[PDB]
Amino acid sequence: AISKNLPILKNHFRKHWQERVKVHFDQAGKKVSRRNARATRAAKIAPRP
Amino acid sequence: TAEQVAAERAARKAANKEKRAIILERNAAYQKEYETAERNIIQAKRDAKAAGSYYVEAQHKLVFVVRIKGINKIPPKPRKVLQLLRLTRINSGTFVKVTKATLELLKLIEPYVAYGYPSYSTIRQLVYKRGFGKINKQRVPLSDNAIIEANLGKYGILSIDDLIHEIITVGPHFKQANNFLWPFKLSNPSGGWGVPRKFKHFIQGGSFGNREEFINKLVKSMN
Amino acid sequence: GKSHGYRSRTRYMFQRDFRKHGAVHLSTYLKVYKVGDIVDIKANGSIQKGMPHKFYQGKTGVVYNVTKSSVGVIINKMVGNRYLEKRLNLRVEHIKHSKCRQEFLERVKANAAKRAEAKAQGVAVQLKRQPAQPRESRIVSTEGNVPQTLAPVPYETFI
Amino acid sequence: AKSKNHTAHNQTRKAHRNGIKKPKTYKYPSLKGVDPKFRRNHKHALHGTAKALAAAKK
Amino acid sequence: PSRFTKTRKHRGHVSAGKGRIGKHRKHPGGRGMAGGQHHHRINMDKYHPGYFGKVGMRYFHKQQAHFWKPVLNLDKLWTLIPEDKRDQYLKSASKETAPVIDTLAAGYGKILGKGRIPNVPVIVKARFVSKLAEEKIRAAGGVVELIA
Amino acid sequence: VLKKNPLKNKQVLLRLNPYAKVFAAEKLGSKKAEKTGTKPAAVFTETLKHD
Amino acid sequence: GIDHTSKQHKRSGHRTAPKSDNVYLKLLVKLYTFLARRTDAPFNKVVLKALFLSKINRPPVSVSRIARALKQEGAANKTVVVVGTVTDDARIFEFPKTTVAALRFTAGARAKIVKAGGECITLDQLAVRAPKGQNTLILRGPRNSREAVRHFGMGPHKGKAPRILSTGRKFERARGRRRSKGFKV
RNA sequence: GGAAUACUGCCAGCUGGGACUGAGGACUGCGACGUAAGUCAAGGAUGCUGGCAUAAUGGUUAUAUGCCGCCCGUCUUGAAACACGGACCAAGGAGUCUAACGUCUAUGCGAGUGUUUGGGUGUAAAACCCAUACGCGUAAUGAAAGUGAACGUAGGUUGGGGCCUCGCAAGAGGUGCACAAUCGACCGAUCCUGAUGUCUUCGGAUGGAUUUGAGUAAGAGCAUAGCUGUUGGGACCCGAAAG
RNA sequence: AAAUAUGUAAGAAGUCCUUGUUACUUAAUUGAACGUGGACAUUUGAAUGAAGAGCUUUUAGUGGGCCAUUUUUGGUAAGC
RNA sequence: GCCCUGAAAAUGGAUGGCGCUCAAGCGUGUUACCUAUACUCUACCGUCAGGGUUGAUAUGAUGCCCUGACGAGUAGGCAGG
Ligand SMILES: NC[C@@H]1O[C@H](O[C@H]2[C@@H](O)[C@H](O[C@@H]3[C@@H](O)[C@H](N)C[C@H](N)[C@H]3O[C@H]3O[C@H](CO)[C@@H](O)[C@H](O)[C@H]3N)O[C@@H]2CO)[C@H](N)[C@@H](O)[C@@H]1O
Ligand SMILES: NC[C@@H]1O[C@H](O[C@H]2[C@@H](O)[C@H](O[C@@H]3[C@@H](O)[C@H](N)C[C@H](N)[C@H]3O[C@H]3O[C@H](CO)[C@@H](O)[C@H](O)[C@H]3N)O[C@@H]2CO)[C@H](N)[C@@H](O)[C@@H]1O
Ligand SMILES: NC[C@@H]1O[C@H](O[C@H]2[C@@H](O)[C@H](O[C@@H]3[C@@H](O)[C@H](N)C[C@H](N)[C@H]3O[C@H]3O[C@H](CO)[C@@H](O)[C@H](O)[C@H]3N)O[C@@H]2CO)[C@H](N)[C@@H](O)[C@@H]1O
Ligand SMILES: NC[C@@H]1O[C@H](O[C@H]2[C@@H](O)[C@H](O[C@@H]3[C@@H](O)[C@H](N)C[C@H](N)[C@H]3O[C@H]3O[C@H](CO)[C@@H](O)[C@H](O)[C@H]3N)O[C@@H]2CO)[C@H](N)[C@@H](O)[C@@H]1O
Ligand SMILES: NC[C@@H]1O[C@H](O[C@H]2[C@@H](O)[C@H](O[C@@H]3[C@@H](O)[C@H](N)C[C@H](N)[C@H]3O[C@H]3O[C@H](CO)[C@@H](O)[C@H](O)[C@H]3N)O[C@@H]2CO)[C@H](N)[C@@H](O)[C@@H]1O
Ligand SMILES: NC[C@@H]1O[C@H](O[C@H]2[C@@H](O)[C@H](O[C@@H]3[C@@H](O)[C@H](N)C[C@H](N)[C@H]3O[C@H]3O[C@H](CO)[C@@H](O)[C@H](O)[C@H]3N)O[C@@H]2CO)[C@H](N)[C@@H](O)[C@@H]1O
Ligand SMILES: [Mg+2]
Ligand SMILES: [Mg+2]
Ligand SMILES: [Mg+2]
Ligand SMILES: [Mg+2]
Ligand SMILES: [Mg+2]
Ligand SMILES: [Mg+2]
Ligand SMILES: [Mg+2]
Ligand SMILES: [Mg+2]
Ligand SMILES: [Mg+2]
Ligand SMILES: [Mg+2]
Ligand SMILES: [Mg+2]
Ligand SMILES: [Mg+2]
Ligand SMILES: [Mg+2]
Ligand SMILES: [Mg+2]
Ligand SMILES: [Mg+2]
Ligand SMILES: [Mg+2]
Ligand SMILES: [Mg+2]
Ligand SMILES: [Mg+2]
Ligand SMILES: [Mg+2]
Ligand SMILES: [Mg+2]
Ligand SMILES: [Mg+2]
Ligand SMILES: [Mg+2]
Ligand SMILES: [Mg+2]
Ligand SMILES: [Mg+2]
Ligand SMILES: [Mg+2]
Ligand SMILES: [Mg+2]
Ligand SMILES: [Mg+2]
Ligand SMILES: [Mg+2]
Ligand SMILES: [Mg+2]
Ligand SMILES: [Mg+2]
Ligand SMILES: [Mg+2]
Ligand SMILES: [Mg+2]
Ligand SMILES: [Mg+2]
Ligand SMILES: [Mg+2]
Ligand SMILES: [Mg+2]
Ligand SMILES: [Mg+2]
Ligand SMILES: [Mg+2]
Ligand SMILES: [Mg+2]
Ligand SMILES: [Mg+2]
Ligand SMILES: [Mg+2]
Ligand SMILES: [Mg+2]
Ligand SMILES: [Mg+2]
Ligand SMILES: [Mg+2]
Ligand SMILES: [Mg+2]
Ligand SMILES: [Mg+2]
Ligand SMILES: [Mg+2]
Ligand SMILES: [Mg+2]
Ligand SMILES: [Mg+2]
Ligand SMILES: [Mg+2]
Ligand SMILES: [Mg+2]
Ligand SMILES: [Mg+2]
Ligand SMILES: [Mg+2]
Ligand SMILES: [Mg+2]
Ligand SMILES: [Mg+2]
Ligand SMILES: [Mg+2]
Ligand SMILES: [Mg+2]
Ligand SMILES: [Mg+2]
Ligand SMILES: [Mg+2]
Ligand SMILES: [Mg+2]
Ligand SMILES: [Mg+2]
Ligand SMILES: [Mg+2]
Ligand SMILES: [Mg+2]
Ligand SMILES: [Mg+2]
Ligand SMILES: [Mg+2]
Ligand SMILES: [Mg+2]
Ligand SMILES: [Mg+2]
Ligand SMILES: [Mg+2]
Ligand SMILES: [Mg+2]
Ligand SMILES: [Mg+2]
Ligand SMILES: [Mg+2]
Ligand SMILES: [Mg+2]
Ligand SMILES: [Mg+2]
Ligand SMILES: [Mg+2]
Ligand SMILES: [Mg+2]
Ligand SMILES: [Mg+2]
Ligand SMILES: [Mg+2]
Ligand SMILES: [Mg+2]
Ligand SMILES: [Mg+2]
Ligand SMILES: [Mg+2]
Ligand SMILES: [Mg+2]
Ligand SMILES: [Mg+2]
Ligand SMILES: [Mg+2]
Ligand SMILES: [Mg+2]
Ligand SMILES: [Mg+2]
Ligand SMILES: [Mg+2]
Ligand SMILES: [Mg+2]
Ligand SMILES: [Mg+2]
Ligand SMILES: [Mg+2]
Ligand SMILES: [Mg+2]
Ligand SMILES: [Mg+2]
Ligand SMILES: [Mg+2]
Ligand SMILES: [Mg+2]
Ligand SMILES: [Mg+2]
Ligand SMILES: [Mg+2]
Ligand SMILES: [Mg+2]
Ligand SMILES: [Mg+2]
Ligand SMILES: [Mg+2]
């Protein structure tokens with residue numbers, strides 16, 4: 001309902017949002033593996049920058 | 001150092017010896033002051049009787065009020081009054097200077113208290129046994145005139161009988177001399193209240209009202 | 001249905017006195033009101049314009065404004081627990097001149113003139129008022145007045 | 001169903017706990033609701049009596 | 001954390017802190033902003049006046065940065081000159097070699113008129129300056145150059 | 001630490017009001033008073049005993 | 001039983017030590033608690049109380065607020081005391097010398113205090129130089145300048161500002177905000 | 001006519017019996033008795049004698065006796081109720097997490113603040129490090145085009161702690177930050193006046209105004225965090241007839 | 001025309017003396033406010049009390065009530 | 001005045017109960033006496049308030065010490081555990 005003196009918020013969570021939710025636990029491995037993916041490119045690509 | 005602190009002590013010891021002389025002075029002068037006055041009044045009655053006329057005494061300037069009712073179920077206006085007279089607890093009492101200002105504070109309070117005109121003894125034994133004083137809150141027993149003088153000294157009143165005098169004689173500093181006094185915590189009457197039922201007026205059933213001189217027999221038994 | 005409109009219940013209240021009616025005399029119009037004046041509020045039924053609401057009848061306040069035909073009066077009324085500040089725009093037929101403070105001035109002024117008597121003599125002042133007192137001892141003369149003694153009267157029917 | 005309608009019971013009590021306050025007055029009250037052409041001219045009477053002390057002190 | 005939370009204090013007391021008469025139900029009053037015009041009227045006026053209805057004019061496909069005018073005041077100004085040089089330029093007070101301050105390249109592009117500045121002159125490179133701003137720059141013996 | 005009660009415990013009776021010593025010595029709570037011979041006006045016994 | 005004319009077992013609203021755990025802050029208090037007790041100096045009492053204050057009650061005292069206070073007549077040379085952190089203000093230009101005893105000084109504050117040739121004293125140093133706090137000028141930052149204090153007491157006709165998340169038109173300007181839509185406030 | 005006696009009242013008059021209590025733990029106090037040495041009942045019990053280790057005494061527990069004591073939990077104005085749940089025991093069993101927030105508090109830095117989108121780096125989800133941006137704050141106000149905060153030591157009057165001057169003091173004088181009341185100035189909006197100029201309709205100087213703003217007037221904020229409170233969420237737990 | 005209940009005052013923000021401002025006001029140095037400079041404290045201007053005075057933010061529960069004396073309405077009355 | 005008539009209801013039954021007749025009844029007076037978680041005095045626990053104190057010499061400055069007042073509680077809040 002509506003009480004006290006508080007700004008009106010808008011929270012769009014009526015939609016089954018708990019279905020589409022992405023945590024990034026992979027931020028580590030999606031970097032460690034984002035590096036190794038670049039590291040071996042330049043390897044395979046040889047002096048080119 | 002041994003001489004220096006000895007100088008404070010040897011002089012202070014002498015300051016007190018003389019400060020106690022000021023007292024014996026006054027209290028002996030107080031003893032005459034009362035002894036003559038009552039003797040005056042006692043005589044003036046007899047004279048007027050020999051003259052055919054009647055000595056009509058001065059109405060009483062000083063009254064002692066002990067609250068005989070509990071703290072429950074009291075109407076607001078009496079309830080506020082009992083607080084302003086500093087009786088918030090059963091069987092407690094204060095002194096009141098009689099004036100048509102405070103006289104109306106009584107009589108409005110009449111349902112919840114018994115009161116009357118206290119004697120010298122009654123005041124003396126009330127202050128001697130039950131006498132306390134107010135120093136930054138802090139209910140403090142008057143065990144020494146130093147306590148009194150430290151506080152009531154700015155008014156005179158360096159004795160405990162200086163307090164007693166300033167009360168019974170009323171007089172200029174009675175407001176602060178009486179207000180200095182903590183309200184008197186008293187026991188129930190030793191030997192009962194004399195009535196069956198307290199909350200009929202003294203004239204009808206006993207207690208609860210102005211019993212005039214009969215306040216002394218009561219208060220003394222509550223002491 | 002309940003009826004709460006502005007002047008309800010004022011029937012006897014806004015009535016003019018028995019054998020006083022019609023035009024209001026000129027002392028009312030000829031009075032001067034500056035700011036700070038303490039005025040008593042009593043409505044007048046003959047004058048409908050600029051009259052107090054029935055509440056402020058009997059109340060006394062300090063005029064905060066002076067206009068052509070009226071004076072604004074600030075009054076203190078309680079709502080819930082507090083006093084808010086009401087200010088009324090009232091005409092002069094509804095305004096008295098309060099005698100509450102008037103004597104206090106005649107008190108101060110007499111107090112300062114009795115101060116010069118302790119300045120020119122040096123006796124004690126006794127300025128602040130003291131309430132009525134226990135009285136005093138006296139002697140009542142039996143000369144020419146000897147107490148006459150009464151008893152209670154019996155019962156008898158008077159009709 | 002039917003129930004209570006109104007009462008003032010206990011309201012004096014509630015309004016005396018923290019209650020009844022006081023008008024909390026100050027010196028120099030607000031001028032709210034005073035004649036405009038007083039409070040207009042009153043500005044310039046004070047605007048002018050300013051310069052009087054913007055001279056005297058030097 | 002939980003061990004700090006009052007609902008551990010309430011273990012053992014019937015009804016948590018929620019009351020015996022009114023309990024804690026699902027949705028008394030209705031979910032969300034329901035009834036703002038009716039039973040919540042008193043709360044929408046008082047703490048959110050103006051909440052209902054329309055005011056003014058719409059804008060279709062409005063894109064900010066058509067409006068971009070970060071605001072800067074003579075109140076600052078000289079901050080845009082690095083600290084040490086700021087000294088000797090204030091010491092100079094020259095109409096011959098005088099410091100150049102490019103406001104737009106400094107994160108800005110409207111110069112306002114708040115607050116006093118020294119008599120030391122400034123070359124103000126800007127766009128959109130306020131009338132009182134400039135005139136106060138003329139008191140320092142300096143100019144404004146409009147750019148884009 | 002302990003309030004003692006000048007109505008008993010002579011020591012504190014003397015600690016306050018040193019006049020107590022005199023008062024005791026002189027009796028003075030037993031003080032006799034000068035005898036008077038005054039007799040009431042015969043009107044006063046007329047009213048008193050009257051009716 | 002007593003009829004109580006005031007509420008039993010009520011505690012006074014004032015703090016005693018701070019709520020902060022900072023071990024150095026707790027020491028400065030141990031200092032100035034001792035000071036305020038064994039002196040006649042009222043200044044020590046004042047500083048002691050101000051040591052318990054909360055970051056909302058110790059708003060930053062700007063250097064320009066210090067400067068203008070030295071332009072006070074007769075206070076020119078006094079060492080000024082701020083029981084909270086002191087901020088730099090670029091808005092001034094010529095800033096006098098003095099010395100300023102505070103808890104903390106921002107980097108700009110400190111360095112620019114010394115450019116004018118003045119000291120940043122730390123509160124115990126100030127205590128040793130001035131055990132009775134003599135020739136000291138105490139300064140306070142504004143506590144009603146705060147954001148949250150703008151929304152306090154938000155009624156009809158109170159001209160305060162509402163708790164509001166976005167802002168612009170479309171947001172709380174229509175019904176109740178003008179005579180044209182509903183009423184106005 | 002001279003007492004006596006009753007009655008009421010005062011004595012800082014003298015004495016006998018009983019009861020409960022012995023808190024404190026060097027000395028500091030106020031006193032009293034003293035010619036004095038000194039003594040004391042004077043800011044809280046010491047002296048003396050006896051009795052007890054197969055134990056006196058104290059704890060628990062069972063039983064008895066005197067008096068007392070209705071079943072909890074719940075709703076309710078009112079329950080022991082002829083109101084509802086509960087035959088018993090063990091285990092399980094109900095205000096959570098999330099996103100956005102209000103007050104308050106602690107902390108970092110402060111006219112700024114936020115490393116963690118990303119990059120570097122690594123003893124590899126850690127820790128350490130960093131460019132460009134971005135977010136919020138540093139300007140408001142109009143619906144909008146727009147315009148955009150110093151007449152004055154950033155004001156006047158009245159209060160104000162602290163600091164200062166003389167004063168034993170008591171007071172007095174001085175400065176007066178936060179803060180309170182109030183009179184002003186300033187920025188925007190609204191209405192009014194409409195200058196020098198202009199390509200004749202542009203430009204809007206100056207000066208008013210019971211109008212107005214979530215503004216200015218030697219900045220306070222940004223960030224991580226705790227309790228409590230708000231909303232969206234299965235949303236304290238269990239429960240419909242239905243669709 | 002009561003009783004009871006009820007608004008106001010009992011001071012240093014006081015009572016006065018003088019005379020500067022203004023666009024208001026007057027026949028007008030008439031006023032009105034607001035100032036400048038100055039006269040007076042010692043019961044500082046009733047009693048009584050004050051367990052301290054003022055201020056701010058936030059937030060729980062509650063929003064079925066019932067009883068006694070008294071005043072009181074409907075009802076023959078009621079544990080209405 | 002007291003008492004009597006007036007004065008008829010359903011299980012057996014209630015001045016609370018036995019029972020009381022110059023009362024152990026009714027009206028009135030005067031004293032003694034009994035005992036509440038109330039009043040007075042004191043010990044102890046806690047809460048709130050005021051004051052002293054690391055000038056120290058260990059072992060706690062959130063301490064140690066002195067003083068005064070106070071203590072009902074559902075829904076509910078907060079604190080210390
Ligand atoms: N407003 C959006 C964002 O909200 C964030 O909110 C953070 C806090 O406000 C929030 O705290 C909530 C609190 O709001 C709420 N009223 C009480 C709750 N106990 C707190 O939650 C906290 O404690 C719980 C219990 O251990 C933890 O599990 C939780 O991770 C922790 N944040 O935890 C949030 C982080 O998970 C931040 N305020 C900020 O990043 C930003 O404002
Ligand atoms: N009359 C001496 C005065 O001393 C003042 O300064 C000293 C003291 O008088 C004053 O003491 C406090 C004061 O801090 C506080 N803000 C008010 C407080 N009433 C004052 O206390 C004063 O009054 C109380 C009560 O009567 C007395 O117990 C105390 O001895 C006395 N100094 O604070 C200073 C010491 O800390 C002022 N210099 C000035 O008013 C005047 O010179
Ligand atoms: N600082 C970041 C910027 O902030 C903006 O918001 C700030 C301002 O731009 C915004 O003001 C709006 C503005 O959005 C819009 N384009 C024009 C409008 N007239 C302005 O509104 C202005 O006046 C209204 C009353 O009319 C006030 O309510 C409002 O506070 C005021 N800023 O109000 C905010 C200041 O209070 C944008 N919301 C945001 O997207 C952007 O990133
Ligand atoms: N009942 C008399 C009262 O006197 C009061 O007057 C008090 C104040 O107005 C007056 O204060 C003056 C102040 O006006 C002036 N602008 C500064 C001056 N230093 C102050 O002086 C006062 O305070 C200082 C500082 O603590 C003390 O040293 C000094 O003793 C004291 N007179 O000092 C008086 C207190 O001594 C008020 N006018 C009012 O509350 C009331 O009329
Ligand atoms: N309007 C300008 C103002 O006029 C003021 O003067 C006008 C009044 O205020 C002034 O009157 C003074 C008054 O100021 C002061 N406070 C009291 C004094 N009793 C008055 O005096 C007045 O009464 C006396 C007789 O009682 C007459 O003789 C006299 O003419 C009359 N003006 O007399 C003028 C006309 O009545 C002052 N000069 C000054 O404040 C200012 O210049
Ligand atoms: N101890 C019994 C006494 O009688 C009282 O109660 C009495 C009344 O309840 C009852 O009186 C009723 C009357 O109400 C109803 N009309 C029926 C019956 N015939 C009457 O009975 C009466 O009879 C005559 C008078 O009529 C009397 O002499 C007689 O004493 C009385 N009992 O008779 C009871 C016994 O006399 C009380 N129980 C008690 O307080 C009192 O002490
Ligand atoms: Mg009398
Ligand atoms: Mg009294
Ligand atoms: Mg009288
Ligand atoms: Mg007995
Ligand atoms: Mg009895
Ligand atoms: Mg009896
Ligand atoms: Mg006795
Ligand atoms: Mg006794
Ligand atoms: Mg009607
Ligand atoms: Mg009439
Ligand atoms: Mg009449
Ligand atoms: Mg009309
Ligand atoms: Mg209904
Ligand atoms: Mg009903
Ligand atoms: Mg209802
Ligand atoms: Mg109805
Ligand atoms: Mg409260
Ligand atoms: Mg816990
Ligand atoms: Mg619990
Ligand atoms: Mg339980
Ligand atoms: Mg509960
Ligand atoms: Mg349960
Ligand atoms: Mg709760
Ligand atoms: Mg429940
Ligand atoms: Mg509810
Ligand atoms: Mg909308
Ligand atoms: Mg004791
Ligand atoms: Mg108690
Ligand atoms: Mg301010
Ligand atoms: Mg402000
Ligand atoms: Mg407004
Ligand atoms: Mg916003
Ligand atoms: Mg419309
Ligand atoms: Mg309309
Ligand atoms: Mg004879
Ligand atoms: Mg004879
Ligand atoms: Mg006798
Ligand atoms: Mg003897
Ligand atoms: Mg012992
Ligand atoms: Mg001795
Ligand atoms: Mg001797
Ligand atoms: Mg001797
Ligand atoms: Mg000796
Ligand atoms: Mg032995
Ligand atoms: Mg046993
Ligand atoms: Mg039983
Ligand atoms: Mg139930
Ligand atoms: Mg039910
Ligand atoms: Mg029911
Ligand atoms: Mg209930
Ligand atoms: Mg009912
Ligand atoms: Mg039950
Ligand atoms: Mg039943
Ligand atoms: Mg049920
Ligand atoms: Mg059941
Ligand atoms: Mg069943
Ligand atoms: Mg079951
Ligand atoms: Mg069952
Ligand atoms: Mg079973
Ligand atoms: Mg938060
Ligand atoms: Mg990894
Ligand atoms: Mg940035
Ligand atoms: Mg303009
Ligand atoms: Mg100008
Ligand atoms: Mg000012
Ligand atoms: Mg001032
Ligand atoms: Mg003095
Ligand atoms: Mg225009
Ligand atoms: Mg202008
Ligand atoms: Mg600001
Ligand atoms: Mg909170
Ligand atoms: Mg289900
Ligand atoms: Mg289904
Ligand atoms: Mg359907
Ligand atoms: Mg003039
Ligand atoms: Mg008092
Ligand atoms: Mg609330
Ligand atoms: Mg509610
Ligand atoms: Mg309900
Ligand atoms: Mg009923
Ligand atoms: Mg009933
Ligand atoms: Mg009945
Ligand atoms: Mg029968
Ligand atoms: Mg029988
Ligand atoms: Mg009986
Ligand atoms: Mg029988
Ligand atoms: Mg029988
Ligand atoms: Mg019996
Ligand atoms: Mg009898
Ligand atoms: Mg007997
Ligand atoms: Mg007990
Ligand atoms: Mg303490
Ligand atoms: Mg309790
Ligand atoms: Mg309680
Ligand atoms: Mg409890
Ligand atoms: Mg509970
Ligand atoms: Mg514990």
# chains A, B, ... in the order shown; residues from 1 in each chain; ligands from 1

$ select_by_dssp --residues "chain E" --states "strand (DSSP E)" --output "MDAnalysis selection string"
chainID E and resid 71:73 100:102 110:112 123:126 143:146

$ closest_atom_pairs --of "chain G" --to "chain D" --cutoff "12 Å" --atoms "only C-alpha atoms" --output "JSON lines"
{"residue": "G:5", "atom": "CA", "partner": "D:17", "partner_atom": "CA", "distance": 11.4}
{"residue": "G:6", "atom": "CA", "partner": "D:17", "partner_atom": "CA", "distance": 10.6}
{"residue": "G:7", "atom": "CA", "partner": "D:17", "partner_atom": "CA", "distance": 10.8}

$ closest_residue --among "C:69, C:15, C:27, C:81" --to "chain D" --atoms "only C-alpha atoms"
C:81

$ residues_near_ligand --ligand "ligand 31" --cutoff "7 Å" --atoms "only C-alpha atoms (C1' of nucleotides) and all ligand atoms" --output "PyMOL selection string"
chain E and resi 22-24

$ residues_around --residues "stretch 31-33 of chain G" --least-positions-apart "3" --cutoff "6 Å" --atoms "only C-alpha atoms (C1' of nucleotides)" --output "list in words"
residues 28, 36 and 48 of chain G

$ residues_around --residues "residue D:33" --least-positions-apart "4" --cutoff "9 Å" --atoms "only C-alpha atoms (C1' of nucleotides)" --output "count of residues only"
5

$ select_by_dssp --residues "stretch 32-164 of chain G" --states "alpha helix (DSSP H)" --output "number ranges by chain"
G: 32-38, 42-51, 63-70, 107-115, 124-129

$ interface_residues --of "chain D" --to "chain H" --cutoff "7 Å" --atoms "only C-alpha atoms (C1' of nucleotides)" --output "VMD selection string"
chain D and resid 26 to 30 36

$ write_last_selection --atoms "N, CA, C and O atoms" --output "PDB file, in the first residue's frame"
ATOM      1  N   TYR D  26       8.271  34.653  20.211  1.00  0.00           N
ATOM      2  CA  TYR D  26       9.532  35.369  20.070  1.00  0.00           C
ATOM      3  C   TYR D  26       9.274  36.872  20.023  1.00  0.00           C
ATOM      4  O   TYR D  26       8.159  37.327  19.751  1.00  0.00           O
ATOM      5  N   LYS D  27      10.325  37.646  20.287  1.00  0.00           N
ATOM      6  CA  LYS D  27      10.302  39.053  19.925  1.00  0.00           C
ATOM      7  C   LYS D  27      10.549  39.193  18.422  1.00  0.00           C
ATOM      8  O   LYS D  27      11.130  38.314  17.778  1.00  0.00           O
ATOM      9  N   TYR D  28      10.101  40.316  17.865  1.00  0.00           N
ATOM     10  CA  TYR D  28      10.072  40.517  16.419  1.00  0.00           C
ATOM     11  C   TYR D  28       9.208  39.455  15.745  1.00  0.00           C
ATOM     12  O   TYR D  28       9.729  38.595  15.026  1.00  0.00           O
ATOM     13  N   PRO D  29       7.892  39.487  15.952  1.00  0.00           N
ATOM     14  CA  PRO D  29       7.007  38.518  15.291  1.00  0.00           C
ATOM     15  C   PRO D  29       6.960  38.727  13.783  1.00  0.00           C
ATOM     16  O   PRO D  29       7.385  39.750  13.242  1.00  0.00           O
ATOM     17  N   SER D  30       6.435  37.713  13.096  1.00  0.00           N
ATOM     18  CA  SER D  30       6.215  37.824  11.662  1.00  0.00           C
ATOM     19  C   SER D  30       5.172  38.890  11.360  1.00  0.00           C
ATOM     20  O   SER D  30       4.275  39.167  12.160  1.00  0.00           O
ATOM     21  N   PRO D  36      -0.572  46.036   3.101  1.00  0.00           N
ATOM     22  CA  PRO D  36       0.539  46.063   2.134  1.00  0.00           C
ATOM     23  C   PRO D  36       1.220  47.415   2.030  1.00  0.00           C
ATOM     24  O   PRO D  36       2.457  47.482   2.056  1.00  0.00           O
TER      25      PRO D  36
END

$ residues_near_ligand --ligand "ligand 18" --cutoff "10 Å" --atoms "only C-alpha atoms (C1' of nucleotides) and all ligand atoms" --output "PyMOL selection string"
chain C and resi 47-50

$ atom_distance --atom1 "atom CA of residue A:28" --atom2 "atom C1' of residue H:124"
9.2 Å

$ interface_residues --of "chain J" --to "chain E" --cutoff "12 Å" --atoms "only C-alpha atoms (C1' of nucleotides)" --output "PDB file with C-alpha atoms (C1' of nucleotides), in the first residue's frame"
ATOM      1  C1'   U J  74      -0.714  -6.972  27.308  1.00  0.00           C
ATOM      2  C1'   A J  75       0.252  -5.013  22.360  1.00  0.00           C
ATOM      3  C1'   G J  76       4.714  -2.862  21.357  1.00  0.00           C
ATOM      4  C1'   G J  77       9.938  -0.551  21.299  1.00  0.00           C
ATOM      5  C1'   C J  78      15.019  -0.811  22.921  1.00  0.00           C
ATOM      6  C1'   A J  79      19.079  -2.772  25.754  1.00  0.00           C
ATOM      7  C1'   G J  81      22.923 -11.328  27.754  1.00  0.00           C
TER       8        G J  81
END

$ interface_residues --of "chain B" --to "chain J" --cutoff "9 Å" --atoms "only C-alpha atoms (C1' of nucleotides)" --output "list in words"
residues 70, 90, 91, 92, 136, 137, 138, 139, 140, 185, 186, 187, 188, 222 and 223 of chain B

$ residues_around --residues "stretch 164-177 of chain H" --least-positions-apart "4" --cutoff "9 Å" --atoms "only C-alpha atoms (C1' of nucleotides)" --output "list in words"
residues 65, 69, 72, 73, 74, 75, 134, 135, 137, 138, 139, 140, 141 and 142 of chain G; 160 of chain H

$ residues_around --residues "residue G:116" --least-positions-apart "3" --cutoff "12 Å" --atoms "only C-alpha atoms (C1' of nucleotides)" --output "JSON, numbers by chain"
{"G": [63, 67, 93, 94, 95, 96, 97, 98, 99, 100, 109, 110, 111, 112, 113, 119, 120]}

$ residues_around --residues "stretch 4-8 of chain D" --least-positions-apart "2" --cutoff "9 Å" --atoms "only C-alpha atoms (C1' of nucleotides)" --output "list in words"
residues 2, 10, 11 and 12 of chain D; 64 and 65 of chain I

$ write_last_selection --atoms "C-alpha atoms (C1' of nucleotides)" --output "PDB file, in the first residue's frame"
ATOM      1  CA  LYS D   2     -23.882  -1.728  14.861  1.00  0.00           C
ATOM      2  CA  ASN D  10      -9.443   9.315  27.175  1.00  0.00           C
ATOM      3  CA  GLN D  11      -8.596  12.180  24.797  1.00  0.00           C
ATOM      4  CA  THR D  12      -7.881  14.750  27.521  1.00  0.00           C
TER       5      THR D  12
ATOM      6  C1'   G I  64     -14.248  -4.018  17.904  1.00  0.00           C
ATOM      7  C1'   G I  65     -13.535  -1.328  23.680  1.00  0.00           C
TER       8        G I  65
END
